[PDB]
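Since the structure comes first, as structure tokens, the remarks are kept for the end.
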Amino acid sequence: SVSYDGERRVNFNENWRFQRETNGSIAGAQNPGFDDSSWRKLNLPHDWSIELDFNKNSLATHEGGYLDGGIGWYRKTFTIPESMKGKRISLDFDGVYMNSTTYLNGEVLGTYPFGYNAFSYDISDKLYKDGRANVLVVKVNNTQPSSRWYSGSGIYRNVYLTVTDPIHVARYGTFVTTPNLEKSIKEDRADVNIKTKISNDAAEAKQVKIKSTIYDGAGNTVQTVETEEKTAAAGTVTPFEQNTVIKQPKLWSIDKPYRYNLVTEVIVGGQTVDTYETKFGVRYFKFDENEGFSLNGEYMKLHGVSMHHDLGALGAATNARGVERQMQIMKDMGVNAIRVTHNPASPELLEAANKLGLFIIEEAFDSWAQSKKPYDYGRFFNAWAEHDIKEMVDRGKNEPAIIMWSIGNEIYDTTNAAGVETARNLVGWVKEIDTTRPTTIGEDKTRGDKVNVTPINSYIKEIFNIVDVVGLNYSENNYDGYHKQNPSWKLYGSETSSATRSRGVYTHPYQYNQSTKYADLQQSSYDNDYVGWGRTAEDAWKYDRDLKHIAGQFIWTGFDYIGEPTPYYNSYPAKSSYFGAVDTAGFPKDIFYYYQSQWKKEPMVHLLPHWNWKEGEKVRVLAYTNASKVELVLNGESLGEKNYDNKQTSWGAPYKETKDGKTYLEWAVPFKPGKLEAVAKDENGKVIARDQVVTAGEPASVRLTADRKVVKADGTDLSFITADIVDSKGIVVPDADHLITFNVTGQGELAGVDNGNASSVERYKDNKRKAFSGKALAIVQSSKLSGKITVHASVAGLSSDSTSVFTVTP
């Protein structure tokens, strides 16, 4: 029996039964009378794939991380209270991967093929009204292979009931805009336009008004605006439109992500019968064909990353804090933009970007009608694409972080006439919902020989003219050239670099290799392993850095993700990616610091590699840094300064680079144990940053560090616990791989473990994990009881350790 205290959306994640087909088809699972009493009980969100052992024979292959999908069944038996009688009730899924069929009381509600959009079924008249039990079933069909990356399987995003009066705001029924904010801002005002759609799902017409109130971030009223009454015919939708104003508006920006909140009151016979909230931001931006990108009139480059949807040891199961953490770590790297590759975002991700200050480019599709994998969305595209792309846009049209809608990635169809037709449609469908943001596409097939300005396929060129902003994948050779040939075009790197690297691995230091495999199943962190179609981080950066018209880039990728262990194809146990600047565990690789050095003002310096080598062996030592110069000191003895030249772009923007082209500093140092220090200075010789690398002793203990010492006792919030293997002096042992055992006590539960090792096939859902390059991770989830969490860790032969996190009733 459902908990209803009058809320408009009810959390419906609890008390499901779940069972995966392992022995062929489960007869009668969709029927109300089926007996599921011995099935596992669990709460959503849930990813069934992540709980399985890695399976070298999985149909997912390396591409999908060697984790099985298949057919999964979810069942919920429930009743509706008296308090909901005569309400409208919709069952609302934020996402299910993939191809689900939903049954209610034996009847099919629907089949939903796409795995990354929200969807909804109205069930108002379909529920039994006596207090007899309803039986809801979701059959999930993730037959493989369906995906070029790890998808997860099941109901991996939240579920809700939406409960309203028969007269209500429609799904996604508000649209808030700020027209001509470019100009209106000059007189310190924002003109706010508000379009509201009201459904009448009652028997008879009714007289309806809308009261619209804007609050600021503190809760203060800013405007109130009420309409005339209006006839709302039964069984229809009736539109309302209002204009108002905000004086000295606080703008949403990357640095100051401010939002307002619109409360919409639907009023019938002097009674407010429905209430709907719309969080929104006030901001304007522009892609300019010569000057690149700006936000609120401020020129900036898009320092972007691409991100897949999994959250590491959590699998696909979404989590507000989980994504938020990913986004904070990207902010620390200097990132201001996210390409959500290659499918819509969870609500949680959107919210993270809205709250922390990140642009979003949201992409609908990884294929159109021509499949990349046999069970992907290609087979559904002609029937469903209009629906699915409109769902994306309609869902997100008020979100200030979102700045661009991408109609596809690396789409085969773009080299023929059918694909040009399809692009026209898609762009049209977008614009039926939202014309305030540019459309785009990510395109790889103009890459050519990576050197000459590739003559453009004529169909691709038609399509670049159909979208508003042109995204190039791996095609730096065309950045300037296509700009000169097509002066009206706006261009950016929609996907770049795809350099490959393992955390703490320092191999073949003086060779730059392409798509090359090693016996260790790792890749080097000297920015010297990258795929044949790509580039070093540095090289991809320079192309962008040097051109004003290039709006920016989106590297492949910000975070590692499960699957696509390129260049190790078909080499179990390589199962997860090497592309990320940060590993699946949230631990930065050295290249994170390189991006800082290029993208942030705060002075820093970062050395690599570690300082555990053989005596006399000559070590390639690098400093990533935005200082003018660095002095390197080994055991108190100077090894010399190295410096950048001050350079400028062709438009006069300064940047740092050596006489020989390097965007970092380098020494070659014969190894002597001790302490290697870097002293970063400005031109005047003044010290502005430091970093150290220190030879570690024998492993002595494990050491725990929690990322936050207080979290919410809401059953979903998370604490991330770093476990380091250290020597007796607290230095991390840089190549340590000791098995660590974790135990959680108090008001929380272990939710997963990880070390970012791409060629580990250790369980994520377990309570033990080896360190990798000295580090592992434990993720803990709070319960609904406030109190305190204690995490204990131990390693054979070393001292144990403990740390604590308080949890608080929100």
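Just remember, in the structure tokens the first chain shown is A, the second B, etc., residues are 1-based per chain, and ligands are 1-based in the order shown.
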How close does stretch 444-478 of chain A get to stretch 521-542 of chain A? List, as a Markdown table, each residue of stretch 444-478 of chain A within 10 Å, its nearest atom pair and the distance in Å to one decimal, counting only C-alpha atoms.
| residue | atom | partner | partner_atom | distance |
| --- | --- | --- | --- | --- |
| A:444 | CA | A:533 | CA | 9.7 |
| A:447 | CA | A:533 | CA | 8.4 |
| A:448 | CA | A:533 | CA | 9.8 |
| A:449 | CA | A:533 | CA | 9.3 |
| A:450 | CA | A:533 | CA | 7.9 |
| A:473 | CA | A:534 | CA | 9.2 |
| A:474 | CA | A:534 | CA | 5.9 |
| A:475 | CA | A:534 | CA | 8.6 |
| A:476 | CA | A:540 | CA | 7.4 |
Point to revise | Surrounding residues of residue A:49 excluding itself and chain neighbours under 5 positions, 8 Å, only C-alpha atoms, as a PyMOL selection string | key: chain A and resi 67-69+152-153+315
Selection file, C-alpha atoms, as a CSV table (one decimal), in the first residue's frame:
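Resulting contents of out-v1.csv:
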chain,number,residue,atom,x,y,z
A,67,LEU,CA,28.9,-8.4,-18.3
A,68,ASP,CA,25.8,-10.2,-19.2
A,69,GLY,CA,22.4,-8.6,-19.9
A,152,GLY,CA,24.0,-1.9,-17.6
A,153,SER,CA,20.6,-3.6,-17.6
A,315,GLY,CA,27.3,0.4,-12.6
List as a tab-separated table (two decimals) with N, CA and C atoms, in the first residue's frame the protein and nucleic acid residues near residue A:666, meaning an atom at most 10 Å away when only C-alpha atoms are counted, but skip any in the same chain fewer than 3 places from it.
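Once written, selection.tsv looks like this:
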chain	number	residue	atom	x	y	z
A	607	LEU	N	54.38	16.89	-10.36
A	607	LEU	CA	55.42	16.05	-10.91
A	607	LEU	C	54.95	14.68	-11.20
A	608	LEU	N	55.60	14.09	-12.19
A	608	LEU	CA	55.57	12.65	-12.42
A	608	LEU	C	56.93	12.23	-12.94
A	620	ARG	N	62.53	9.71	-16.77
A	620	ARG	CA	61.92	10.83	-17.46
A	620	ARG	C	61.01	11.55	-16.48
A	621	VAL	N	61.36	12.77	-16.13
A	621	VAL	CA	60.60	13.50	-15.15
A	621	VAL	C	59.95	14.69	-15.78
A	622	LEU	N	58.65	14.85	-15.52
A	622	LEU	CA	57.87	15.92	-16.11
A	622	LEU	C	57.20	16.75	-15.05
A	623	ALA	N	57.04	18.03	-15.34
A	623	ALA	CA	56.26	18.87	-14.49
A	623	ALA	C	55.16	19.48	-15.28
A	624	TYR	N	53.94	19.24	-14.86
A	624	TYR	CA	52.83	19.89	-15.47
A	624	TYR	C	52.58	21.10	-14.60
A	630	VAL	N	60.31	26.27	-13.33
A	630	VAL	CA	60.35	25.35	-12.25
A	630	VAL	C	61.78	24.94	-12.02
A	632	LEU	N	63.98	22.05	-9.86
A	632	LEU	CA	63.82	20.73	-9.45
A	632	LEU	C	64.96	20.47	-8.52
A	641	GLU	N	66.78	24.94	-13.27
A	641	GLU	CA	65.51	25.48	-13.68
A	641	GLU	C	65.21	25.06	-15.11
A	642	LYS	N	63.94	24.85	-15.43
A	642	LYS	CA	63.53	24.84	-16.82
A	642	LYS	C	62.42	25.86	-16.94
A	643	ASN	N	62.31	26.49	-18.11
A	643	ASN	CA	61.27	27.53	-18.28
A	643	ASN	C	60.51	27.48	-19.60
A	662	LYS	N	56.86	22.28	-26.33
A	662	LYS	CA	56.26	21.47	-25.25
A	662	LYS	C	55.44	22.35	-24.32
A	663	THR	N	54.29	21.84	-23.89
A	663	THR	CA	53.39	22.53	-22.95
A	663	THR	C	53.54	21.97	-21.52
A	669	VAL	N	66.67	12.42	-15.09
A	669	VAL	CA	67.29	12.40	-13.76
A	669	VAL	C	67.75	11.00	-13.34
Check your understanding: So what do you get for atom CA of residue A:470 versus atom CA of residue A:392, distance-wise?
Key -> 19.9 Å
Review point. Residues at most 12 Å from residue A:104, counting only C-alpha atoms, excluding those fewer than 3 positions away in the same chain, as a ChimeraX atom specification?
Key: /A:29-33,74-78,91,101,107-110,121-128,133-139
Check your understanding: Residues at most 12 Å from residue A:355, counting only C-alpha atoms, excluding those fewer than 6 positions away in the same chain, as a ChimeraX atom specification?
Key -> /A:217,252-260,279-281,320,323-324,327-328,331,348-349,399-401
**Study point:** Within 7 Å of stretch 182-191 of chain A using only C-alpha atoms, minus same-chain residues under 5 positions, as a ChimeraX atom specification
**Key:** /A:244-249,284
Review point. Residues at most 10 Å from residue A:303, counting only C-alpha atoms, excluding those fewer than 2 positions away in the same chain, as a ChimeraX atom specification?
Key: /A:300-301,305,333-338,359,541,544,551-555,595,598-599
Got time to write the residues from that selection, N, CA and C atoms, as a tab-separated table (two decimals), in the first residue's frame?
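Result saved to result_17.tsv:
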chain	number	residue	atom	x	y	z
A	300	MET	N	34.72	32.79	-23.84
A	300	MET	CA	35.44	31.70	-23.20
A	300	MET	C	35.49	30.54	-24.15
A	301	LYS	N	36.51	29.72	-23.94
A	301	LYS	CA	36.58	28.46	-24.56
A	301	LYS	C	35.81	27.42	-23.77
A	305	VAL	N	34.64	17.77	-21.62
A	305	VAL	CA	34.82	16.33	-21.67
A	305	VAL	C	33.57	15.60	-22.13
A	333	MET	N	39.45	19.86	-12.62
A	333	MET	CA	40.41	19.68	-13.67
A	333	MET	C	40.42	20.92	-14.55
A	334	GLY	N	39.41	21.78	-14.41
A	334	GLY	CA	39.29	22.97	-15.22
A	334	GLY	C	38.20	22.87	-16.27
A	335	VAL	N	37.38	21.83	-16.19
A	335	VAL	CA	36.35	21.55	-17.20
A	335	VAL	C	35.18	22.51	-16.99
A	336	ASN	N	34.58	23.01	-18.07
A	336	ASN	CA	33.34	23.79	-17.92
A	336	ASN	C	32.21	23.27	-18.77
A	337	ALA	N	32.42	22.12	-19.41
A	337	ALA	CA	31.37	21.60	-20.31
A	337	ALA	C	31.36	20.11	-20.44
A	338	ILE	N	30.17	19.56	-20.66
A	338	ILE	CA	30.00	18.14	-20.72
A	338	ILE	C	29.24	17.74	-21.93
A	359	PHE	N	28.29	23.58	-18.59
A	359	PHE	CA	27.46	23.47	-19.75
A	359	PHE	C	27.22	22.03	-20.08
A	541	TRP	N	44.82	19.50	-27.80
A	541	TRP	CA	44.66	20.82	-27.17
A	541	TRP	C	45.20	22.00	-28.04
A	544	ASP	N	43.07	23.50	-30.79
A	544	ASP	CA	41.97	24.26	-30.23
A	544	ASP	C	42.53	25.56	-29.67
A	551	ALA	N	35.12	26.81	-30.97
A	551	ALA	CA	34.42	27.10	-29.73
A	551	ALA	C	35.06	26.42	-28.56
A	552	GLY	N	35.64	25.24	-28.82
A	552	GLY	CA	36.38	24.45	-27.80
A	552	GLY	C	36.44	22.98	-28.18
A	553	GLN	N	36.63	22.10	-27.19
A	553	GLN	CA	36.58	20.66	-27.48
A	553	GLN	C	36.03	19.85	-26.36
A	554	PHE	N	35.75	18.60	-26.67
A	554	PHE	CA	35.23	17.67	-25.70
A	554	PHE	C	36.06	16.40	-25.79
A	555	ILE	N	36.94	16.19	-24.84
A	555	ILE	CA	37.90	15.08	-24.97
A	555	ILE	C	37.22	13.75	-24.75
A	595	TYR	N	45.73	18.88	-17.84
A	595	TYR	CA	44.62	19.73	-18.18
A	595	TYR	C	44.50	20.94	-17.23
A	598	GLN	N	46.82	23.65	-18.31
A	598	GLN	CA	46.36	24.36	-19.48
A	598	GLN	C	45.07	25.14	-19.29
A	599	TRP	N	44.22	24.75	-18.35
A	599	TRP	CA	42.87	25.31	-18.30
A	599	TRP	C	42.49	26.13	-17.07
Practice item. One decimal, Å: what's the distance from atom CA of residue A:625 over to atom CA of residue A:664, could you say? Key: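 Spanning atom CA of residue A:625 to atom CA of residue A:664 is a straight-line distance of 6.5 Å.
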List as a Markdown table every residue of stretch 265-330 of chain A that is in contact with stretch 720-734 of chain A, defined as an atom at most 10 Å from one of its atoms (using only C-alpha atoms), together with the nearest atom pair and the distance in Å rounded to one decimal, sorted by chain and then rising number.
| residue | atom | partner | partner_atom | distance |
| --- | --- | --- | --- | --- |
| A:321 | CA | A:720 | CA | 9.9 |
| A:322 | CA | A:720 | CA | 9.1 |
| A:325 | CA | A:720 | CA | 9.3 |
**Study point:** Using only C-alpha atoms: which of A:225, A:117, A:452, A:308 has the shortest distance to residue A:390
**Key:** A:117
Review point. Looking only at the backbone, which of the residues in stretch 592-694 of chain A does DSSP tag as strand (DSSP E), as a PyMOL selection string?
Key: chain A and resi 605-608+618-625+629-634+637-643+645-648+654-657+665-670+675-681+687-694
Practice item. Would you please give, as a VMD selection string, all residues of stretch 217-368 of chain A that DSSP assigns to helix (DSSP H, G or I) based on the backbone? Key: chain A and resid 312 to 314 320 to 333 347 to 356
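The coordinates place atom CA of residue A:434 at 28.4 Å from atom CA of residue A:219.
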Review point. For residue A:287, which residue among A:15, A:790, A:271, A:488 is the nearest when counting only C-alpha atoms?
Key: A:488
Exercise for review: Choose the residue, out of A:616, A:777, A:713, A:691, that has the smallest atom-to-atom separation from residue A:673; count only C-alpha atoms.
Suggested key: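 The closest residue to residue A:673 is A:616.
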